[PDB]
Amino acid sequence: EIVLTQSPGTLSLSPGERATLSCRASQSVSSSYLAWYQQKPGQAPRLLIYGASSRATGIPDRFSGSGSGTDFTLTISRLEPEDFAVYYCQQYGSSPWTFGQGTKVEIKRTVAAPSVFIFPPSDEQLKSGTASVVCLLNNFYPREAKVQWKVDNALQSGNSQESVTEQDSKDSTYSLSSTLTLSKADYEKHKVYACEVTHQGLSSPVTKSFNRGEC
Amino acid sequence: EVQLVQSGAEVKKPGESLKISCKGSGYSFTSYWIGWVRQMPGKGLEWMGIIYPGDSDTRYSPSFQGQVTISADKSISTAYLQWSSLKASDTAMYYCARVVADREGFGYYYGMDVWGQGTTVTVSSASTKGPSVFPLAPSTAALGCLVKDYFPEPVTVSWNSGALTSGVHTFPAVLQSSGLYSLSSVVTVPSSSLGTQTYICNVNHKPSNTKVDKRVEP
């Protein structure tokens with residue numbers, strides 16, 4: 001099969017700037033049968049370019065496509081706010097029909113450090129037999145942030161899950177929620193609960209901690 | 001209008017059989033091929049195969065051959081995707097798309113132009129369960145709600161019955177090892193407005209007909 005490699009994985013640019021997305025096939029695409037689709041979070045893909053160079057019906061002029069046999073490019077001459085999304089390339093000249101792995105075109109802004117907040121387990125939760133400790137990283141850029149949990153200064157592993165919001169419409173920042181789950185027994189077995197956050201905006205790793213029971 | 005309309009969200013247990021549908025409107029459905037695309041949670045697009053409904057000529061990806069069945073009822077402009085035994089790995093979004101080709105049988109192709117809205121398929125051992133809503137008490141100040149252990153997705157989360165929208169962050173859910181989902185809805189408000197303003201999260205989970213209006217006080 002024809003594998004399609006999209007580069008870069010993430011393309012960070014400003015609105016009004018030009019976007020240039022690569023699609024390379026592991027072998028020549030028959031009849032230059034390469035399509036480009038846009039996918040916005042929640043939505044279904046939307047055909048932009050067909051046959052490497054032909055602009056789909058209803059597609060604006062800023063979207064164009066070039067590419068011979070093995071190398072193909074999607075150009076967005078001027079990014080509009082609605083142009084920030086994921087872009088998949090696809091070949092349909094030889095079976096199986098394949099897709100590239102997508103290029104996320106996100107809004108580049110200046111570096112913004114996260115404001116970190118730690119939430120101890122509620123009393124009502126503790127009654128159930130499980131304790132959840134929530135660390136929130138608010139309004140930060142770029143998306144890249146490392147959240148480590150330390151329970152009595154011991155580096156945790158495999159007991160936390162992480163979640164990120166989609167780039168904000170207004171300030172172009174991200175927010176993250178991290179949940180460290182523990183049994184009611186192990187929560188009551190320790191005192192210090194600290195979430196350690198590492199980001200480009202932070203000159204030094206920030207630590208937001210509390211002592212179990214202590215306000 | 002040229003449309004492709006798919007069936008509603010499906011929640012099944014492993015081993016169960018499933019037939020999801022896709023209906024075409026506003027065009028001759030037996031004159032085009034229709035493609036099936038799988039998109040796994042947080043992943044890219046995967047071509048499953050195509051059906052020409054005019055004669056039920058099917059073509060699978062080697063990755064889907066023997067895993068799923070693609071079919072069509074040409075009388076009702078409808079194409080289907082069927083699993084005789086669903087796996088947990090079948091959990092994903094499924095799209096149907098119209099393959100543009102010439103009506104003259106010359107073998108010209110023009111990509112997939114019309115897509116369905118998608119059908120969410122969830123395969124898990126878990127049975128329907130309502131969320132347990134917990135406050136993330138404030139200590140500017142941040143506060144919120146932890147919406148823990150529910151199945152299936154989704155839960156809806158509002159604040160103050162829709163009054164509080166500014167700075168409200170409702171995070172994507174996380175699938176726990178227990179098979180039950182968890183998410184956080186947070187809201188950053190000014191430290192001075194805490195004592196006088198009421199902070200209530202409105203959690204709704206249609207699957208278990210669970211409605212929760214939890215107060216977040218310090």
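Values below: all heavy atoms of this structure, side chains included; hydrogens, waters and symmetry mates excluded. The sequence lines fix the lettering, A, B, ..., with proteins before strands; numbering per chain opens at 1.
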Where B:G116 and A:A44 come nearest, the two heavy atoms and their spacing: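 B:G116 and A:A44 have their closest heavy atoms at O-CB, 3.4 Å.
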For B:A142 versus A:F119, what's the shortest heavy-atom pair and its separation?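 Smallest interatomic distance, heavy atoms only, reads O-CE2, 3.3 Å.
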Considering only heavy atoms and a distance below 4.5 Å, find which of [options] pairs most often with chain B.
options	answer
A:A35, A:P45, A:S115	A:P45
A:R46, A:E124, A:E1, A:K170	A:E124
A:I49, A:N138, A:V86, A:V134	A:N138
A:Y50, A:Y92, A:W97, A:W36	A:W97

Which value, rounded to the nearest 0.5 Å, describes the distance between B:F171 atom CZ and A:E162 atom CD?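 Reported to 0.5 Å precision, the distance equals 10.5 Å.
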If you round to the nearest 0.5 Å, how far is NZ of A:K127 from CZ of B:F134?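 Those atoms lie 10.0 Å apart.
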Between B:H169 and A:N139: side-chain donor-acceptor atoms closer than 3.5 Å: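 Yes, A:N139 and B:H169 have a side-chain donor paired with an acceptor closer than 3.5 Å.
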Any chance [atom1] of [X] has more than 12 other-residue heavy atoms, nucleotides or ligands included, within less than 6.0 Å?
X	atom1	result
B:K211	NZ	yes
A:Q200	CD	no
A:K40	NZ	yes
A:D123	CG	no

Before you tell me yes or no, could you show the steps for A:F117 and B:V186 under side chain to side chain contact (heavy atoms under 4.5 Å, CB included), namely the whole-Å CA-CA distance, both residues' side-chain angles and the distance that decides it to 0.1 Å? CA-CA 11 Å; A:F117 306 86; B:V186 169; over 6 Å; no
[X], part contacting chain B, at a heavy-atom distance under 4.5 Å:
X	value
A:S95	side chain
A:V164	backbone
A:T57	neither
A:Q125	both
A:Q39	side chain
A:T181	side chain
A:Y37	side chain

Let me know if [X] has heavy atoms under 4.5 Å from chain A in its side chain, its backbone, both or neither.
X	value
B:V99	side chain
B:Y108	both
B:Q39	side chain
B:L183	neither
B:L136	both
B:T140	backbone
B:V133	backbone
B:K148	side chain

For the backbone of A:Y33 and the side chain of B:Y109, can you confirm whether one donor and one acceptor N or O come within less than 3.5 Å of each other?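 No, the answer is negative, given that no donor and acceptor are paired below the 3.5 Å cut-off.
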Give a yes or no answer on whether the side chain of A:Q101 reaches the backbone of B:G44 with a donor-acceptor pair at less than 3.5 Å.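 Side chain of A:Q101 to backbone of B:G44: no pair is present.
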For B:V174 and A:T179, what are the C-alpha separation, side-chain angles and deciding distance, and is it a side chain to side chain contact (heavy atoms under 4.5 Å, CB included)? CA-CA 10 Å; B:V174 291; A:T179 306; over 6 Å; no
Could you go through the side chain to side chain contact (heavy atoms under 4.5 Å, CB included) check for B:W47 and A:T98 one step at a time? CA-CA 6 Å; B:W47 188 76; A:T98 52; over 6 Å; no
